[PDB]
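Everything below concerns the one structure shown next.
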Amino acid sequence: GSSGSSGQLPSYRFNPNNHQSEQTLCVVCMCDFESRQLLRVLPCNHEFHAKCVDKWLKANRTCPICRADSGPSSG
Ligand SMILES: [Zn+2]
Ligand SMILES: [Zn+2]
Numbered sequence: 001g002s003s004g005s006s007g008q009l010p011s012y013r014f015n016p017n018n019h020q021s022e023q024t025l026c027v028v029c030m031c032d033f034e035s036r037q038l039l040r041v042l043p044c045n046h047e048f049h050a051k052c053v054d055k056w057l058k059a060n061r062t063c064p065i066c067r068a069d070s071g072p073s074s075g
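Residue 31 in the deposited numbering sits at position 31 of the sequence shown, with consecutive numbering throughout.
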């Protein structure tokens with residue numbers, strides 16, 4: 001039913017209170033995300049760093065975790 005996507009990932013600051021995702025880690029820099037930080041979430045239910053994922057996607061338009069084709073690309 002409802003659908004809508006411009007062509008970019010949702011930007012939000014991690015929350016040490018509400019663990020949106022049971023497990024939150026960055027496969028790019030094998031480092032966890034901190035609160036009040038610009039993070040991103042792949043369309044495959046994966047958390048990443050607005051900076052890391054930005055460097056990865058550039059090289060490979062896919063998920064470095066589940067090699068799940070993300071889809072759209074900023075550049
Ligand atoms: Zn990272
Ligand atoms: Zn993934």
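No residue lacks a Cβ here, since even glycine has one placed at the ideal position from N, Cα and C.
Simplified DSSP state of residue i, which is helix, strand or coil
i	result
residue 57	helix
residue 31	strand
residue 26	strand
Identity of the residue in the options nearest residue i by Cα
i	options	result
residue 20	56, 41, 8, 52	41
residue 64	53, 31, 12	53
residue 59	39, 74, 2, 47	74
residue 36	13, 1, 7	13
residue 28	38, 57, 8	57
Nearest-angstrom Cα separation, counted from residue j out to residue i
i	j	result
residue 43	residue 10	10 Å
residue 51	residue 5	21 Å
residue 71	residue 3	15 Å
Beta-carbon proximity check, residue i vs residue j, cutoff 7 Å
i	j	result
residue 66	residue 49	no
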